[PDB]
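Trainee: Chains as they are written, first to last, in the UniProt record's numbering: chain X, 93 to 149; chain Y, 93 to 149; chain S, 677 to 1022; chain A, 677 to 1022. This is the structure I have questions about; it appears just below.
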Amino acid sequence: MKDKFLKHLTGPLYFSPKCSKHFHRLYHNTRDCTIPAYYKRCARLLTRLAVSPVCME
Amino acid sequence: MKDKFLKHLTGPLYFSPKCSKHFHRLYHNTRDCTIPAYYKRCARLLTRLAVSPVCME
Amino acid sequence: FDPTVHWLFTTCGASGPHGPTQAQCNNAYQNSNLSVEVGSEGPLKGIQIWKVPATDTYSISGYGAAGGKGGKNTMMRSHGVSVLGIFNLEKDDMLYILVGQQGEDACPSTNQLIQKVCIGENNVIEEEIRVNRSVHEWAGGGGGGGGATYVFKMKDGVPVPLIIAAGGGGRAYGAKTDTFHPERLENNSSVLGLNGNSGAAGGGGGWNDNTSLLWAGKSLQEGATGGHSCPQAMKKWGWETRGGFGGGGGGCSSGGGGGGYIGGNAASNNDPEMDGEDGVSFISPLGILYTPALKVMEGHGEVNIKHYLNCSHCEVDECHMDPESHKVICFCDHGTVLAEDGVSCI
Amino acid sequence: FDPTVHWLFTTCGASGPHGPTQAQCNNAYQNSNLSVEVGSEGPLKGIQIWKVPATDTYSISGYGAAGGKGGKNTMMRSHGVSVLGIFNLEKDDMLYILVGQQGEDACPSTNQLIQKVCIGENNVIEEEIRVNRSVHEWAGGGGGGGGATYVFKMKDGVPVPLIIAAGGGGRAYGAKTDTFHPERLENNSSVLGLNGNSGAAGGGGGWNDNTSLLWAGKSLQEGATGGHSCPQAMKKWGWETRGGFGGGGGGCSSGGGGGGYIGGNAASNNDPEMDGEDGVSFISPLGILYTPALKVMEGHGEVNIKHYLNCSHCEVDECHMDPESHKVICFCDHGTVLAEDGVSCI
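Okay, here's the thing in structure tokens:
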């Protein structure tokens, strides 16, 4: 109801330890992922982090 | 491609012989159903004509 | 007559409770077949004046404006009504056309305190409803009523309605459904075109009435300016949802009433769940009702005027024009098929 | 410090190529914890000046604006970039914050001749492309570039950038795809903040450059006003797609370039398929890059400033605040579980 909802828009994306460190910051410290109404924005952020060069190793 | 596209949004609604006279007008003489970009508007029109009291007899 | 020639009247880019200016309509109609005159003062301000190019039978399609949305942008707004009519117009007749403007939505808001309420991060209204079952302090959040579209003429200086396509009512703040009422249409000119009832929110403006309340939409003959929001909403946090131009009623915690020949009603109290009602559409006895009044428009209203295709040349008085550069195809009822004659089906 | 206290900077309701006025920001920030000063003239016009309330470590999140849409409203617009930074700010420091405004969309248009092109009922551009494979007369239809968001300070008169979140480029008229480029980020201040290349459409405005072309977005230190549309579109049919405030490049048949530290480029010719490039984001060496530059925003940009949660007290420097009114929770990497001490991981 609070995490699978984002996954329905983002998808089962993979992460690395540095990718996970950035994922935590994007997940708990930004209004995009901490305000439910902004869920779409959150999705985009996560999606972009998936294709970021740090996670692309 | 030209008629089933409307049906995918409005649904397979029923009509009466009195309902058909208005349906033809709304389908060929209005700008909503004769301009493809306005398809949604066309759908609404048709939908409303389905619930109009003349077609509810 | 060229079958594809039509004149399309829009809001000229104007929005909100006031109509377009002359410059706005000159800019919107640049490089088109349409040139209108827009009054700048008095009750005719914002109303486009068009000159009929030839004496002929014209189909006039009026579309009213949709109402505003409520506090949560998840319920579909009430759509403005469309009325089709057939009229006989002489050359150099002046048509007065008011294109109804959409009622303002509660959300989003440029004010950040209201924007917090919009995104669900401020629930003072919910707490007030839970501890009082009535909104008295945190009023606001209902959409304004949509403006109606008026096509009329000036006989001896007195306006005479031809087509009135009602505007949609505004959605309430706590609109929990999307049920919409049947479209009301008036064809008898002896029925008075009065304003809608005003409670906390403003009722829609009518064809001809006296408007005193600021949140009620004005009637057509006194300007048809959309009403302001209820004073409580403006005093507490400045949550303004004005009615659309064309008699749209201003919003409150309840939805505003849409404009029309008869203005749409508003809830007597400040019910945060009662939507505004759409106005009553009007078709003049001087014209033929082509199609029934139907709720279509999702934004501003419009007017489309074209030459009426004479379908009385074939046995069925219904016909159309084939889009792929062809001739008039007469319509066959039920399951009959047009014969080789092309004037009668069998 | 209250963990929930934050200051949110918006466009104050302003839109288009120019920034908000003082009255607009006073209206947007009414009944909030935020009060800014907006310049009314000169290169600082439209830029909000904020006073730092206390000397502390602040997290500043900048969001650039999205670019405009092309001729067909079926391709998603290029999203503005978000840059997160951690800075140490002294009390009574003045932060200059330009919130980038969205680049204008080609469609819909209040002009009816253009609106015919928007709804697919006018194909002069398609015939022009089929006959010449290049648009020279019927220019126009590409979105303007989105404006960038700038957070900076006036260190001894010379402006010193802190956070620059790039604006998205405008989409071309005939954008047949939705591929978007990786977000470029600049952290070295010796790299010049130049404008983007301008062709038929305007390149994005940079941080410090000289702008001569009217369709190019201005740089931050000369106003950062969004550029006009290319002269050909305005002269042919007045199809205006201006760049957003914050250095957004004006549109043409090709898309405009977004603003940034380095402005986004535009196609050298009037290619109706080449979108504008997003700008280059900037993070000052005086601050710590919190999260990478990511394309998020679909409309106007924004700034969010809050107190940085100091979390060097637990073993892992990364932490968060529990939303359900609880204490600070330090997070553990991989599969390690939080120890009973609440500091280390095991």
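The C-beta atom is built at its ideal place from N, Cα and C for all residues, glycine as well.
1. List the residues of chain A that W913(S) touches, going by C-beta distances under 7 Å, in chain order.
2. Three-state secondary structure (DSSP) at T967(S)?
3. Which residues in chain A sit within 9 Å of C688(S), going by Cβ to Cβ distance?
4. Assign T901(S) to one of three DSSP states: helix, strand, or coil.
5. DSSP beta-bridge partners for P835(A)?
6. Comparing the C-beta of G796(A) with each C-beta of chain Y, is any distance below 8 Å?
7. Can you confirm whether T967(A), when its beta carbon is compared against all beta carbons of chain X, has any partner nearer than 8 Å?
8. State the DSSP-derived secondary structure class of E780(A), mapped to helix, strand or coil.
9. Alpha carbon to alpha carbon, how far is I959(A) from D95(Y)? Give it in angstroms, no decimals.
10. Since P696(A) and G718(A) are thought to touch, with beta carbons under 8 Å apart, how far apart are those beta carbons, to the nearest angstrom?
11. Indicate the three-state DSSP secondary structure (helix, strand or coil) for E859(A) in the structure shown.
12. Could you tell me the distance, in whole angstroms, from the CA atom of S785(S) to the CA atom of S708(A)?
13. Using a Cβ-Cβ cut-off of 6 Å (strictly less than) and excluding sequence neighbours within five positions of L889(S), which residues of its own chain qualify?
14. Tell me whether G875(S) counts as near the ligand NAP, meaning its Cβ is closer than 7 Å to at least one heavy atom of that ligand.
15. Under the DSSP definition of a beta bridge, which residues are partnered with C995(S)?
16. Candidates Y966(S), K894(S), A842(S), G882(S): which alpha carbon is nearest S754(S)'s?
17. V757(S) lies in the alpha helix (DSSP H); which residues open and close that run?
18. Counting only runs of 4+ residues fully inside the region 864-937 of chain S, write out the alpha helix (DSSP H) ranges in chain order.
19. Between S108(Y) and chain S, is there a C-beta pair that is closer than 8 Å?
20. Indicate whether at least one CB of chain S lies closer than 8 Å to the CB of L684(A).
21. I think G820(A) touches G924(A), with their Cβ atoms under 8 Å apart; what is that distance to the nearest whole Å?
22. From which residue to which residue does the alpha helix (DSSP H) around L98(X) run?
23. Can you list, in chain order, the residues of its chain whose CB lies under 8 Å from that of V712(A), leaving out five sequence neighbours each side?
24. Taking any Cβ of chain S, which residues in the region 119-147 of chain X have a Cβ under 8 Å from it, in chain order?
25. My guess is that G692(A) and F921(A) are in contact by the Cβ rule of under 8 Å, so how many angstroms apart are they, rounded?
26. Apart from the five residues just before and just after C995(S), which ones in its own chain have a Cβ nearer than 7 Å to its Cβ?
27. Under the three-state reduction of DSSP, which class applies to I795(A): helix, strand or coil?
28. Near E149(Y), which residues of its chain fall below 8 Å by C-beta distance, leaving aside the five closest residues on each side in sequence?
29. In the DSSP assignment, find the unbroken alpha helix (DSSP H) run with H114(Y) in it and report its ends.
30. List the residues of chain S whose Cβ lies closer than 8 Å to the Cβ of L789(A), in chain order.
31. With a threshold of 8 Å on Cβ separation, who are the neighbours of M770(S) within its own chain once the five nearest residues in sequence on each side are excluded?
32. In this structure, how does DSSP classify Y705(S) when only helix, strand and coil are distinguished?
33. Taking 8 Å as the cut-off, does the region 859-866 of chain S touch the region 795-810 of chain S (at least 3 CB pairs, one atom from each stretch)?
34. Is any beta-carbon of chain A found at less than 8 Å from that of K113(X)?
35. Go through its chain and collect everything with a Cβ distance to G903(S)'s Cβ below 6 Å, but skip five positions before and after it.
36. Of all the residues that make up the region 957-987 of chain S, which are near chain Y by a beta-carbon distance shorter than 8 Å?
Mentor: In terms of the structure at hand:
1. In chain order, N707 make up the part of chain A whose C-beta sits under 7 Å from the C-beta of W913(S).
2. Residue state for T967(S) is assigned as strand, using DSSP reduced to three classes.
3. In chain order: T786.
4. Three-state result, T901(S): coil.
5. Looking at the DSSP assignment, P835(A) forms a beta bridge with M830(A).
6. Yes, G796(A) counts as interfacial toward chain Y.
7. With respect to chain X, the C-beta atom of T967(A) has a partner C-beta closer than 8 Å.
8. It is coil, neither helix nor strand.
9. The straight-line gap from Cα to Cα measures roughly 54 Å.
10. That belief does not hold up - the Cβ atoms of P696(A) and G718(A) are roughly 15 Å apart, past 8 Å.
11. Reduced to three states, the DSSP call for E859(A) is coil.
12. For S785(S) and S708(A), the distance between alpha carbons rounds to 14 Å.
13. The answer, listed in chain order, is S874.
14. No copy of the ligand NAP occurs in the structure displayed, which carries no ligand at all.
15. In DSSP, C995(S) forms a bridge with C1006(S).
16. Distances from the CA of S754(S) to each of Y966(S), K894(S), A842(S), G882(S) were compared; the closest alpha carbon is that of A842(S).
17. Note, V757(S): premise wrong, no alpha helix (DSSP H); beta strand (DSSP E) at 756-765.
18. You should have 907-912.
19. Cβ-Cβ to chain S under 8 Å: no for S108(Y).
20. At a cut-off of 8 Å, the C-beta of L684(A) has a neighbouring C-beta in chain S.
21. So it is a contact: roughly 5 Å between Cβ atoms.
22. Secondary structure note for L98(X): its alpha helix (DSSP H) is the uninterrupted segment 96-102.
23. Cβ neighbours of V712(A) beyond the five flanking positions: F685, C701, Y705, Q724, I725, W726, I773.
24. Result list: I127, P128, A129, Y130.
25. The beta-carbon separation of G692(A) and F921(A), rounded to 7 Å, stays under the 8 Å limit for a contact.
26. So the list reads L985, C987, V1004, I1005, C1006, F1007, once near-sequence residues are dropped.
27. Looking at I795(A) - three-state DSSP - the assignment turns out to be coil, as it is neither helix nor strand.
28. Taking C-beta separations shorter than 8 Å and ignoring five residues to either side along the sequence, the partners of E149(Y) in its chain run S108, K110, following chain order.
29. Counting along the chain, the alpha helix (DSSP H) containing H114(Y) begins and ends at 109-120.
30. What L789(A) touches in chain S: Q706, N707, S708.
31. Here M770(S) has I725, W726, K727, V728, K829, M830 as same chain residues with Cβ atoms under 8 Å from its own Cβ, once five neighbours each way along the sequence are excluded.
32. The DSSP-derived three-state label of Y705(S) is coil.
33. When C-beta atoms of the region 795-810 of chain S are compared with those of the region 859-866 of chain S, fewer than three pairs fall below 8 Å, so the two segments do not count as touching.
34. Taking Cβ atoms only, chain A reaches closer than 8 Å to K113(X), which makes this a yes.
35. Cβ within range, chain order: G878, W891, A892, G893, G919, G925, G926.
36. Residues passing the 8 Å Cβ filter: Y966, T967, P968, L970, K971, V972, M973, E974, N980, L985.
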